[PDB]
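With mmCIF, N, CA and C atoms inside, this is protein-v4.cif:
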data_final
loop_
_atom_site.group_PDB
_atom_site.id
_atom_site.type_symbol
_atom_site.label_atom_id
_atom_site.label_comp_id
_atom_site.auth_asym_id
_atom_site.auth_seq_id
_atom_site.Cartn_x
_atom_site.Cartn_y
_atom_site.Cartn_z
ATOM 1 N N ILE Q 1 155.225 172.961 124.415
ATOM 2 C CA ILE Q 1 156.286 172.753 125.393
ATOM 3 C C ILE Q 1 157.628 173.080 124.746
ATOM 4 N N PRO Q 2 158.276 174.154 125.213
ATOM 5 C CA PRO Q 2 159.490 174.639 124.538
ATOM 6 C C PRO Q 2 160.675 173.692 124.671
ATOM 7 N N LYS Q 3 161.791 174.038 124.022
ATOM 8 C CA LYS Q 3 162.964 173.169 124.042
ATOM 9 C C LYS Q 3 163.696 173.243 125.377
ATOM 10 N N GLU Q 4 163.690 174.410 126.027
ATOM 11 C CA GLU Q 4 164.418 174.561 127.284
ATOM 12 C C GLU Q 4 163.830 173.677 128.377
ATOM 13 N N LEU Q 5 162.499 173.622 128.476
ATOM 14 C CA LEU Q 5 161.869 172.760 129.472
ATOM 15 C C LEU Q 5 162.028 171.287 129.119
ATOM 16 N N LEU Q 6 162.058 170.959 127.826
ATOM 17 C CA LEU Q 6 162.187 169.564 127.418
ATOM 18 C C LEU Q 6 163.569 169.015 127.744
ATOM 19 N N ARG Q 7 164.615 169.807 127.500
ATOM 20 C CA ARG Q 7 165.973 169.337 127.750
ATOM 21 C C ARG Q 7 166.245 169.196 129.243
ATOM 22 N N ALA Q 8 165.713 170.113 130.054
ATOM 23 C CA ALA Q 8 165.846 169.976 131.499
ATOM 24 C C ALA Q 8 165.086 168.756 131.999
ATOM 25 N N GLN Q 9 163.905 168.505 131.431
ATOM 26 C CA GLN Q 9 163.129 167.331 131.814
ATOM 27 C C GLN Q 9 163.893 166.048 131.510
ATOM 28 N N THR Q 10 164.515 165.972 130.331
ATOM 29 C CA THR Q 10 165.272 164.775 129.979
ATOM 30 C C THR Q 10 166.474 164.590 130.900
ATOM 31 N N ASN Q 11 167.135 165.688 131.276
ATOM 32 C CA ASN Q 11 168.314 165.585 132.133
ATOM 33 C C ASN Q 11 167.950 165.050 133.513
ATOM 34 N N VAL Q 12 166.863 165.558 134.098
ATOM 35 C CA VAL Q 12 166.442 165.095 135.418
ATOM 36 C C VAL Q 12 166.055 163.622 135.376
ATOM 37 N N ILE Q 13 165.509 163.161 134.249
ATOM 38 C CA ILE Q 13 165.134 161.757 134.125
ATOM 39 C C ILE Q 13 166.372 160.877 133.997
ATOM 40 N N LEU Q 14 167.343 161.299 133.183
ATOM 41 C CA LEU Q 14 168.558 160.508 133.007
ATOM 42 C C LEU Q 14 169.374 160.448 134.292
ATOM 43 N N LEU Q 15 169.405 161.543 135.053
ATOM 44 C CA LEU Q 15 170.146 161.553 136.310
ATOM 45 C C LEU Q 15 169.490 160.683 137.376
ATOM 46 N N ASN Q 16 168.178 160.455 137.286
ATOM 47 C CA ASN Q 16 167.494 159.560 138.215
ATOM 48 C C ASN Q 16 167.597 158.099 137.792
ATOM 49 N N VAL Q 17 167.626 157.829 136.484
ATOM 50 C CA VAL Q 17 167.877 156.469 136.010
ATOM 51 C C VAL Q 17 169.251 156.002 136.471
ATOM 52 N N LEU Q 18 170.265 156.855 136.302
ATOM 53 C CA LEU Q 18 171.611 156.501 136.738
ATOM 54 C C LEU Q 18 171.723 156.487 138.256
ATOM 55 N N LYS Q 19 170.887 157.268 138.947
ATOM 56 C CA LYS Q 19 170.894 157.246 140.407
ATOM 57 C C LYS Q 19 170.434 155.893 140.936
ATOM 58 N N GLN Q 20 169.454 155.282 140.271
ATOM 59 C CA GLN Q 20 168.971 153.961 140.651
ATOM 60 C C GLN Q 20 169.954 152.855 140.311
ATOM 61 N N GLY Q 21 170.925 153.125 139.449
ATOM 62 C CA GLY Q 21 171.911 152.135 139.080
ATOM 63 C C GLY Q 21 172.505 152.425 137.726
ATOM 64 N N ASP Q 22 173.666 151.826 137.487
ATOM 65 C CA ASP Q 22 174.327 151.959 136.200
ATOM 66 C C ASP Q 22 173.450 151.396 135.091
ATOM 67 N N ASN Q 23 173.583 151.983 133.907
ATOM 68 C CA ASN Q 23 172.722 151.621 132.794
ATOM 69 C C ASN Q 23 173.385 152.059 131.497
ATOM 70 N N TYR Q 24 172.887 151.513 130.392
ATOM 71 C CA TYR Q 24 173.348 151.844 129.054
ATOM 72 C C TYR Q 24 172.198 152.454 128.261
ATOM 73 N N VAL Q 25 172.551 153.118 127.155
ATOM 74 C CA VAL Q 25 171.606 153.985 126.449
ATOM 75 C C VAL Q 25 170.334 153.229 126.082
ATOM 76 N N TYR Q 26 170.481 152.043 125.493
ATOM 77 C CA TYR Q 26 169.300 151.328 125.021
ATOM 78 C C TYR Q 26 168.499 150.729 126.170
ATOM 79 N N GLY Q 27 169.158 150.375 127.273
ATOM 80 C CA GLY Q 27 168.416 149.956 128.451
ATOM 81 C C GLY Q 27 167.641 151.101 129.073
ATOM 82 N N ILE Q 28 168.225 152.301 129.058
ATOM 83 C CA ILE Q 28 167.545 153.480 129.586
ATOM 84 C C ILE Q 28 166.325 153.814 128.743
ATOM 85 N N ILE Q 29 166.463 153.737 127.418
ATOM 86 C CA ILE Q 29 165.367 154.106 126.528
ATOM 87 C C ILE Q 29 164.173 153.182 126.733
ATOM 88 N N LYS Q 30 164.425 151.883 126.912
ATOM 89 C CA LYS Q 30 163.319 150.951 127.106
ATOM 90 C C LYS Q 30 162.657 151.143 128.466
ATOM 91 N N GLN Q 31 163.455 151.332 129.520
ATOM 92 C CA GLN Q 31 162.889 151.453 130.860
ATOM 93 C C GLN Q 31 162.096 152.744 131.027
ATOM 94 N N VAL Q 32 162.497 153.813 130.337
ATOM 95 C CA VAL Q 32 161.800 155.089 130.463
ATOM 96 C C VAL Q 32 160.471 155.060 129.717
ATOM 97 N N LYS Q 33 160.455 154.511 128.502
ATOM 98 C CA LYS Q 33 159.203 154.423 127.762
ATOM 99 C C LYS Q 33 158.263 153.376 128.338
ATOM 100 N N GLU Q 34 158.777 152.432 129.126
ATOM 101 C CA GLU Q 34 157.891 151.572 129.901
ATOM 102 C C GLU Q 34 157.391 152.292 131.149
ATOM 103 N N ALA Q 35 158.237 153.127 131.757
ATOM 104 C CA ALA Q 35 157.815 153.898 132.919
ATOM 105 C C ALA Q 35 156.885 155.043 132.545
ATOM 106 N N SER Q 36 156.891 155.472 131.284
ATOM 107 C CA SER Q 36 155.987 156.506 130.802
ATOM 108 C C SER Q 36 154.792 155.930 130.052
ATOM 109 N N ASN Q 37 154.597 154.609 130.112
ATOM 110 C CA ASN Q 37 153.488 153.932 129.435
ATOM 111 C C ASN Q 37 153.499 154.201 127.931
ATOM 112 N N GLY Q 38 154.687 154.150 127.331
ATOM 113 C CA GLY Q 38 154.836 154.321 125.902
ATOM 114 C C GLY Q 38 154.743 155.745 125.399
ATOM 115 N N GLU Q 39 154.640 156.733 126.290
ATOM 116 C CA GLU Q 39 154.496 158.118 125.851
ATOM 117 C C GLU Q 39 155.840 158.755 125.518
ATOM 118 N N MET Q 40 156.863 158.497 126.326
ATOM 119 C CA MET Q 40 158.162 159.154 126.198
ATOM 120 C C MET Q 40 159.164 158.164 125.612
ATOM 121 N N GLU Q 41 159.408 158.277 124.307
ATOM 122 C CA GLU Q 41 160.382 157.439 123.607
ATOM 123 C C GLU Q 41 161.619 158.292 123.341
ATOM 124 N N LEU Q 42 162.591 158.210 124.248
ATOM 125 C CA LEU Q 42 163.807 158.997 124.120
ATOM 126 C C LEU Q 42 164.627 158.531 122.919
ATOM 127 N N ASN Q 43 165.496 159.419 122.444
ATOM 128 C CA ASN Q 43 166.273 159.197 121.233
ATOM 129 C C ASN Q 43 167.751 159.073 121.575
ATOM 130 N N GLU Q 44 168.446 158.180 120.861
ATOM 131 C CA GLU Q 44 169.837 157.881 121.190
ATOM 132 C C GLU Q 44 170.727 159.109 121.046
ATOM 133 N N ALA Q 45 170.512 159.902 119.993
ATOM 134 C CA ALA Q 45 171.332 161.092 119.782
ATOM 135 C C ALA Q 45 171.195 162.070 120.941
ATOM 136 N N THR Q 46 169.979 162.232 121.467
ATOM 137 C CA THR Q 46 169.784 163.128 122.602
ATOM 138 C C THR Q 46 170.494 162.603 123.845
ATOM 139 N N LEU Q 47 170.419 161.293 124.086
ATOM 140 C CA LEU Q 47 171.039 160.724 125.277
ATOM 141 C C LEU Q 47 172.560 160.827 125.223
ATOM 142 N N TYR Q 48 173.160 160.519 124.069
ATOM 143 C CA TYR Q 48 174.616 160.583 123.969
ATOM 144 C C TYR Q 48 175.115 162.021 124.002
ATOM 145 N N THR Q 49 174.361 162.954 123.415
ATOM 146 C CA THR Q 49 174.755 164.357 123.491
ATOM 147 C C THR Q 49 174.716 164.857 124.929
ATOM 148 N N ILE Q 50 173.678 164.482 125.677
ATOM 149 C CA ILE Q 50 173.600 164.873 127.081
ATOM 150 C C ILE Q 50 174.695 164.186 127.889
ATOM 151 N N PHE Q 51 174.906 162.887 127.657
ATOM 152 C CA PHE Q 51 175.909 162.151 128.420
ATOM 153 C C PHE Q 51 177.321 162.650 128.139
ATOM 154 N N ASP Q 52 177.577 163.151 126.929
ATOM 155 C CA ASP Q 52 178.918 163.634 126.610
ATOM 156 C C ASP Q 52 179.268 164.881 127.411
ATOM 157 N N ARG Q 53 178.317 165.806 127.567
ATOM 158 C CA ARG Q 53 178.604 167.020 128.325
ATOM 159 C C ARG Q 53 178.553 166.783 129.829
ATOM 160 N N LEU Q 54 177.720 165.844 130.291
ATOM 161 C CA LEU Q 54 177.743 165.473 131.702
ATOM 162 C C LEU Q 54 179.049 164.787 132.073
ATOM 163 N N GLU Q 55 179.643 164.048 131.133
ATOM 164 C CA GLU Q 55 180.906 163.376 131.409
ATOM 165 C C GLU Q 55 182.065 164.365 131.456
ATOM 166 N N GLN Q 56 181.984 165.454 130.685
ATOM 167 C CA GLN Q 56 183.009 166.491 130.760
ATOM 168 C C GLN Q 56 182.950 167.224 132.095
ATOM 169 N N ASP Q 57 181.742 167.510 132.578
ATOM 170 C CA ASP Q 57 181.534 168.164 133.863
ATOM 171 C C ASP Q 57 181.734 167.228 135.050
ATOM 172 N N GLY Q 58 182.103 165.971 134.811
ATOM 173 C CA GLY Q 58 182.320 165.029 135.892
ATOM 174 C C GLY Q 58 181.074 164.552 136.599
ATOM 175 N N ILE Q 59 179.889 164.813 136.044
ATOM 176 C CA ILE Q 59 178.654 164.381 136.690
ATOM 177 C C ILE Q 59 178.491 162.873 136.569
ATOM 178 N N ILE Q 60 178.884 162.307 135.426
ATOM 179 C CA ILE Q 60 178.793 160.877 135.184
ATOM 180 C C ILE Q 60 180.108 160.396 134.583
ATOM 181 N N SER Q 61 180.312 159.082 134.643
ATOM 182 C CA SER Q 61 181.453 158.421 134.024
ATOM 183 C C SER Q 61 180.954 157.200 133.264
ATOM 184 N N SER Q 62 181.808 156.659 132.401
ATOM 185 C CA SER Q 62 181.432 155.536 131.557
ATOM 186 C C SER Q 62 182.508 154.461 131.592
ATOM 187 N N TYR Q 63 182.080 153.223 131.362
ATOM 188 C CA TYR Q 63 182.982 152.084 131.292
ATOM 189 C C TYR Q 63 182.370 151.037 130.372
ATOM 190 N N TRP Q 64 183.219 150.146 129.865
ATOM 191 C CA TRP Q 64 182.761 149.100 128.962
ATOM 192 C C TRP Q 64 182.229 147.905 129.743
ATOM 193 N N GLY Q 65 181.085 147.391 129.305
ATOM 194 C CA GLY Q 65 180.475 146.240 129.930
ATOM 195 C C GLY Q 65 181.123 144.940 129.494
ATOM 196 N N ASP Q 66 180.505 143.841 129.921
ATOM 197 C CA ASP Q 66 181.033 142.519 129.619
ATOM 198 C C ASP Q 66 180.915 142.225 128.128
ATOM 199 N N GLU Q 67 181.990 141.689 127.553
ATOM 200 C CA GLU Q 67 182.066 141.380 126.132
ATOM 201 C C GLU Q 67 181.721 139.924 125.825
ATOM 202 N N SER Q 68 181.168 139.190 126.798
ATOM 203 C CA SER Q 68 180.823 137.783 126.595
ATOM 204 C C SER Q 68 180.059 137.586 125.292
ATOM 205 N N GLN Q 69 179.021 138.392 125.085
ATOM 206 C CA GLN Q 69 178.437 138.588 123.769
ATOM 207 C C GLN Q 69 178.068 140.035 123.494
ATOM 208 N N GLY Q 70 178.011 140.887 124.514
ATOM 209 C CA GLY Q 70 177.855 142.309 124.297
ATOM 210 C C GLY Q 70 179.145 142.909 123.781
ATOM 211 N N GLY Q 71 179.471 142.606 122.522
ATOM 212 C CA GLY Q 71 180.726 142.978 121.895
ATOM 213 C C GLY Q 71 181.173 144.410 122.108
ATOM 214 N N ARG Q 72 180.232 145.298 122.431
ATOM 215 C CA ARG Q 72 180.562 146.671 122.791
ATOM 216 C C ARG Q 72 179.358 147.361 123.417
ATOM 217 N N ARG Q 73 179.302 147.391 124.745
ATOM 218 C CA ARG Q 73 178.212 148.037 125.467
ATOM 219 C C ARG Q 73 178.796 149.007 126.478
ATOM 220 N N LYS Q 74 178.467 150.288 126.329
ATOM 221 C CA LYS Q 74 178.988 151.333 127.199
ATOM 222 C C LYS Q 74 177.982 151.612 128.310
ATOM 223 N N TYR Q 75 178.393 151.386 129.553
ATOM 224 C CA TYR Q 75 177.567 151.699 130.709
ATOM 225 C C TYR Q 75 177.914 153.082 131.249
ATOM 226 N N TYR Q 76 176.944 153.693 131.922
ATOM 227 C CA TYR Q 76 177.119 155.003 132.528
ATOM 228 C C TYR Q 76 176.823 154.931 134.020
ATOM 229 N N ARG Q 77 177.587 155.700 134.793
ATOM 230 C CA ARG Q 77 177.527 155.655 136.246
ATOM 231 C C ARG Q 77 177.519 157.071 136.799
ATOM 232 N N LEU Q 78 176.621 157.326 137.746
ATOM 233 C CA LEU Q 78 176.556 158.624 138.407
ATOM 234 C C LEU Q 78 177.699 158.732 139.410
ATOM 235 N N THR Q 79 178.568 159.722 139.219
ATOM 236 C CA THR Q 79 179.733 159.880 140.075
ATOM 237 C C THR Q 79 179.324 160.377 141.462
ATOM 238 N N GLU Q 80 180.311 160.427 142.363
ATOM 239 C CA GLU Q 80 180.073 160.980 143.693
ATOM 240 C C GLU Q 80 179.766 162.470 143.617
ATOM 241 N N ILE Q 81 180.449 163.189 142.722
ATOM 242 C CA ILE Q 81 180.100 164.583 142.457
ATOM 243 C C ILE Q 81 178.666 164.678 141.955
ATOM 244 N N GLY Q 82 178.258 163.727 141.112
ATOM 245 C CA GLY Q 82 176.888 163.723 140.627
ATOM 246 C C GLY Q 82 175.881 163.456 141.728
ATOM 247 N N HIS Q 83 176.222 162.560 142.658
ATOM 248 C CA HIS Q 83 175.339 162.294 143.790
ATOM 249 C C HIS Q 83 175.212 163.517 144.687
ATOM 250 N N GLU Q 84 176.320 164.227 144.904
ATOM 251 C CA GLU Q 84 176.293 165.399 145.770
ATOM 252 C C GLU Q 84 175.513 166.538 145.130
ATOM 253 N N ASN Q 85 175.646 166.700 143.812
ATOM 254 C CA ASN Q 85 174.907 167.750 143.119
ATOM 255 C C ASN Q 85 173.407 167.499 143.182
ATOM 256 N N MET Q 86 172.983 166.247 142.987
ATOM 257 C CA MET Q 86 171.568 165.922 143.128
ATOM 258 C C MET Q 86 171.102 166.115 144.563
ATOM 259 N N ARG Q 87 171.990 165.873 145.531
ATOM 260 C CA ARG Q 87 171.628 166.071 146.930
ATOM 261 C C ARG Q 87 171.422 167.548 147.239
ATOM 262 N N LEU Q 88 172.214 168.419 146.609
ATOM 263 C CA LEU Q 88 172.049 169.855 146.813
ATOM 264 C C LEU Q 88 170.782 170.369 146.144
ATOM 265 N N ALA Q 89 170.385 169.770 145.022
ATOM 266 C CA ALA Q 89 169.228 170.219 144.275
ATOM 267 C C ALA Q 89 167.954 169.975 145.075
ATOM 268 N N UNK Q 90 167.300 168.800 145.566
ATOM 269 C CA UNK Q 90 167.438 168.272 146.912
ATOM 270 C C UNK Q 90 167.114 169.361 147.933
ATOM 271 N N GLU Q 91 168.359 169.771 148.503
ATOM 272 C CA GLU Q 91 168.227 170.750 149.576
ATOM 273 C C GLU Q 91 167.626 172.058 149.073
ATOM 274 N N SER Q 92 168.054 172.484 147.883
ATOM 275 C CA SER Q 92 167.577 173.752 147.338
ATOM 276 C C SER Q 92 166.072 173.725 147.107
ATOM 277 N N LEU Q 93 165.552 172.619 146.568
ATOM 278 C CA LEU Q 93 164.117 172.529 146.314
ATOM 279 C C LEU Q 93 163.324 172.572 147.614
ATOM 280 N N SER Q 94 163.821 171.904 148.656
ATOM 281 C CA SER Q 94 163.158 171.961 149.954
ATOM 282 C C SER Q 94 163.301 173.334 150.599
ATOM 283 N N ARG Q 95 164.416 174.023 150.345
ATOM 284 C CA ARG Q 95 164.604 175.359 150.902
ATOM 285 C C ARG Q 95 163.641 176.359 150.271
ATOM 286 N N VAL Q 96 163.346 176.194 148.979
ATOM 287 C CA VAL Q 96 162.450 177.124 148.298
ATOM 288 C C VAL Q 96 161.009 176.907 148.744
ATOM 289 N N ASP Q 97 160.608 175.647 148.930
ATOM 290 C CA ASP Q 97 159.224 175.358 149.292
ATOM 291 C C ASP Q 97 158.863 175.959 150.646
ATOM 292 N N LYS Q 98 159.813 175.976 151.584
ATOM 293 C CA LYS Q 98 159.554 176.589 152.884
ATOM 294 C C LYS Q 98 159.382 178.097 152.758
ATOM 295 N N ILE Q 99 160.190 178.733 151.907
ATOM 296 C CA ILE Q 99 160.088 180.178 151.720
ATOM 297 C C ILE Q 99 158.756 180.541 151.077
ATOM 298 N N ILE Q 100 158.277 179.704 150.154
ATOM 299 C CA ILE Q 100 157.070 180.029 149.399
ATOM 300 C C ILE Q 100 155.856 180.091 150.320
ATOM 301 N N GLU Q 101 155.669 179.069 151.157
ATOM 302 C CA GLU Q 101 154.502 179.053 152.035
ATOM 303 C C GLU Q 101 154.623 180.096 153.141
ATOM 304 N N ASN Q 102 155.841 180.331 153.639
ATOM 305 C CA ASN Q 102 156.041 181.401 154.610
ATOM 306 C C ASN Q 102 155.775 182.767 153.995
ATOM 307 N N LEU Q 103 155.952 182.898 152.679
ATOM 308 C CA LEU Q 103 155.596 184.143 152.010
ATOM 309 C C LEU Q 103 154.095 184.386 152.070
ATOM 310 N N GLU Q 104 153.298 183.334 151.880
ATOM 311 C CA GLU Q 104 151.849 183.500 151.896
ATOM 312 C C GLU Q 104 151.310 183.581 153.320
ATOM 313 N N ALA Q 105 151.926 182.856 154.257
ATOM 314 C CA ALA Q 105 151.504 182.951 155.652
ATOM 315 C C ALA Q 105 151.758 184.347 156.209
ATOM 316 N N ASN Q 106 152.880 184.963 155.829
ATOM 317 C CA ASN Q 106 153.180 186.320 156.268
ATOM 318 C C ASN Q 106 152.424 187.376 155.471
ATOM 319 N N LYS Q 107 151.913 187.025 154.290
ATOM 320 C CA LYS Q 107 151.226 188.007 153.459
ATOM 321 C C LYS Q 107 149.795 188.231 153.932
ATOM 322 N N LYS Q 108 149.069 187.147 154.221
ATOM 323 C CA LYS Q 108 147.687 187.284 154.670
ATOM 324 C C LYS Q 108 147.606 187.766 156.112
ATOM 325 N N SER Q 109 148.630 187.483 156.920
ATOM 326 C CA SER Q 109 148.684 188.015 158.276
ATOM 327 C C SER Q 109 149.026 189.498 158.308
ATOM 328 N N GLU Q 110 149.438 190.075 157.183
ATOM 329 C CA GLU Q 110 149.726 191.503 157.097
ATOM 330 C C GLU Q 110 148.749 192.196 156.152
#

When written as structure tokens, how does the structure in this file appear?
Amino acid sequence: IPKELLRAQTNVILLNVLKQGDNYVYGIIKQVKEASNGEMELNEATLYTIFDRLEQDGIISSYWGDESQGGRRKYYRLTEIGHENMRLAXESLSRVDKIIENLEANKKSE
């Protein structure tokens, strides 16, 4: 499994974790490896590198959590631009699936 497919896979997973709600790196890592039955153990360096470039593109934003005892916990939030981009991906994936089957329906009929 090459690096290009792996990085896209991680991005789609992180964008869905944040879609379900705000979260922090270590909370995301635990919930994903529990959702993957211990198979997918994401790494902090990969998550922060991805989150840094998504934050530049305005896809996500970050804020500091409660300091009651979490002396420094950075949460991440999917922006409205991020919600709209996922909604278009969304539309694009459904638009392609209709073309694909219509390609085969028109191919065997000809």

Which is closest to residue 20 in chain Q among Q:66, Q:58, Q:78, Q:93, if we use only N, CA and C atoms?
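Result for the nearest residue to residue 20 in chain Q: Q:78.
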
List as a short mmCIF file (atom, residue, chain, number, x, y, z; two decimals) with N, CA and C atoms, keeping the file's coordinate frame the protein and nucleic acid residues near range 45-57 of chain Q, meaning an atom at most 8 Å away when only N, CA and C atoms are counted, but skip any in the same chain fewer than 2 places from it.
data_model
loop_
_atom_site.label_atom_id
_atom_site.label_comp_id
_atom_site.auth_asym_id
_atom_site.auth_seq_id
_atom_site.Cartn_x
_atom_site.Cartn_y
_atom_site.Cartn_z
N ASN Q 11 167.14 165.69 131.28
CA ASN Q 11 168.31 165.58 132.13
C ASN Q 11 167.95 165.05 133.51
N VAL Q 25 172.55 153.12 127.16
CA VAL Q 25 171.61 153.99 126.45
C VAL Q 25 170.33 153.23 126.08
N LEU Q 42 162.59 158.21 124.25
CA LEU Q 42 163.81 159.00 124.12
C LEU Q 42 164.63 158.53 122.92
N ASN Q 43 165.50 159.42 122.44
CA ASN Q 43 166.27 159.20 121.23
C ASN Q 43 167.75 159.07 121.58
N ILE Q 59 179.89 164.81 136.04
CA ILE Q 59 178.65 164.38 136.69
C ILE Q 59 178.49 162.87 136.57
N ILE Q 60 178.88 162.31 135.43
CA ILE Q 60 178.79 160.88 135.18
C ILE Q 60 180.11 160.40 134.58
N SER Q 61 180.31 159.08 134.64
CA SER Q 61 181.45 158.42 134.02
C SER Q 61 180.95 157.20 133.26
N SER Q 62 181.81 156.66 132.40
CA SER Q 62 181.43 155.54 131.56
C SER Q 62 182.51 154.46 131.59
N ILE Q 81 180.45 163.19 142.72
CA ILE Q 81 180.10 164.58 142.46
C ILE Q 81 178.67 164.68 141.96
N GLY Q 82 178.26 163.73 141.11
CA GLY Q 82 176.89 163.72 140.63
C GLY Q 82 175.88 163.46 141.73
#

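Secondary structure of chain Q, strand (DSSP E) only (DSSP, backbone atoms): residues 23, 24, 60, 61, 62, 63, 64, 74, 75, 76, 77 and 78 of chain Q.
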
Can you work out the spacing between CA of residue 77 in chain Q and atom N of residue 19 in chain Q in Å, to one decimal?
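The value is 7.3 Å.
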
Choose the residue, out of Q:75, Q:38, Q:1, Q:64, that has the smallest atom-to-atom separation from residue 23 in chain Q; count only C-alpha atoms.
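Going through Q:75, Q:38, Q:1, Q:64 one by one, the smallest distance to residue 23 in chain Q is for Q:75.
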
Go through Q:9, Q:44, Q:74, Q:110 one by one, measure the shortest atom-to-atom distance of each to residue 24 in chain Q using only C-alpha atoms, and give the residue with the smallest value.
Q:74

Enter the distance from atom C of residue 26 in chain Q to CA of residue 6 in chain Q, in Å, rounded to one decimal.
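The value is 19.9 Å.
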
Which of chain Q DSSP labels alpha helix (DSSP H), written as a PyMOL selection string:
chain Q and resi 3-20+25-35+44-56+80-108

Provide the atom C of residue 14 in chain Q to atom C of residue 72 in chain Q distance in Å, to one decimal place.
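Here the two named atoms are 19.7 Å from each other.
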
Could you check the closest approach to residue 12 in chain Q for each of Q:65, Q:76, Q:108, Q:89 and tell me which residue wins, using only C-alpha atoms?
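Checking each of Q:65, Q:76, Q:108, Q:89 against residue 12 in chain Q, counting only C-alpha atoms, the winner is Q:89.
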